[PDB]
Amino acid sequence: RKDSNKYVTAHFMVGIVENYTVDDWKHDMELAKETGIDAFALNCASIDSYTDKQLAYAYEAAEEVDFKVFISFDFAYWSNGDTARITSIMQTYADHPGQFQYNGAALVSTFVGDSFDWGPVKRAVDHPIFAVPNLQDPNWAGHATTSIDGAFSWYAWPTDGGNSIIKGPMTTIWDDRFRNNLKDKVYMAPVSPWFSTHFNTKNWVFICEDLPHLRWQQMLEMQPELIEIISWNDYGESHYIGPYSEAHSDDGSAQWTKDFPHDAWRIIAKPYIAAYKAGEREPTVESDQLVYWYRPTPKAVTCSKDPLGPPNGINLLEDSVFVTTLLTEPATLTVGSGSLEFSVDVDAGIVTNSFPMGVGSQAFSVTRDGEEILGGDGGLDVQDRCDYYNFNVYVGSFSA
C-alpha cells in the first residue's frame, strides 16, 4: 500500500466522561481503529474539573493502543482570556507520541472560538502546531487574523444560513464556499449521519434521511484534506456513530438513545474511509452486508405525555425505512414494513434505497440467484403511538 496523507477523525465529548477510566478510552479507540478512524478530537471545556484528568487518560490510552488524539477546545466554555492555560496544555501534549500529527505539526482544533488568536500559543510552544479551528463564516476562513492553518466546518446538515429547517438532500454548497476561501490552507470537512435533539433548550431535527451514506459519497468526490465525523458520542443530538457507553454521564438523552444503537453506521463508513484515504472515487466491497435505519413511529403521531413539544422541522421528514446494501455482485432487496412489502433490484457496490414505513415488524432480505444471501428482522417494531417524541433512529445490520 502507498503512503497516504489524508486522515479521518471523530468528535469525542470529554464533557460526558468524568467517570471514564483508561480502559473505557481504550474500548472506544479499538472500535474507532476497526472503522479506520485515525484520531479522536477530544472536545473539552475549561469549566469541567475532570478535563485535565481525562485528557491525560485519553493520551495514555492512545499511546498504549496505537491510536492518536488531538484537542478540540470548546469555546462555548473556553474563552479568549484563557491563552495561558491553553498554552500550558499544548506544552504538555504537542510532542506527546499519542498526539495526532499533520505534516509534522500537532493538530489543534475548536468548537467555535473564531476570535481566538493561535499566534501566542504557537510562539510559546517549541513543537510545531497546526491550527484548524471551527469557523462559522467561509469569508473569515479566507481572511482570518488568528494564525490559522486551515478551517473546520460544522455545516454537516442541510441549511441555508437561516433559522428555518430546510429539506434535503444534503449538498456541498457550504463545503465549496470554505474551499474557495481557504486557497492553499487545509479544509477539514464534517461528516454526520443524523440530527435530532429534544431538550428544553434545543428541540429540532435536520433533514438527513440518506445522509449516513450520501455524505461519504460526497467525501470521495470532494477529497478534502481532513475529515471529522460529528460525532462519536454526542447522544444528545443523535449523531453518534460510536457505542452507547456504560460509563458516560446521562444528560436526559437516554430517553431517545439508550435503546437506539448506531454502531452499524460504522459498517458504511469503513469502506468509504479506506477509499477516501486512497483517493478512490468508489468504495471496494469486501463482503455482502446490509445496514438499515428508521424512526420509531410515523412522524404525525401525537404523544401522550411529552412536556416538550414536537421538534421543529419534522414535517419535512419522510416516513421511510432506509437500507444501504454493500454488495459484491448485483442482487434483489426485499423489505417488509408492517403490512407493506417492497422489492427492488440493486447493483453491486454500496447503494441506499428508501421504503415506505408501516407500523409493525420490519423484515429485510437480499437474494441472489434465487437464494437468500442475508436477512432478518429489524431490531425495533415501529409503533403507532408514543409517550415522548423520538426523532432519533434505530440502526442495525446483517452480514453474510
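A residue's number is simply how far along the shown sequence it sits, counting from 1.
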property	result
Average Cα temperature factor in the PDB entry - higher stretch of 70-78, 163-171	163-171
Higher-scoring stretch by recorded Cα B factor average, 326-334 or 254-262	326-334
Member of 297, 249, 217, 197 with the greatest C-alpha B factor (per the PDB record)	249
C-alpha B-factor winner, where the candidates are 181, 203, 115, 136	181
Lowest, middle or highest third - CA B-factor, residue 239	lowest
Ranked C-alpha temperature factor of residue 350 among modelled chain residues, by third	middle
B-factor third for the C-alpha atom of residue 35 within its chain	highest
Lowest, middle or highest third - CA B-factor, residue 221	highest
For residue 151, the third of its chain into which the C-alpha B factor falls	lowest
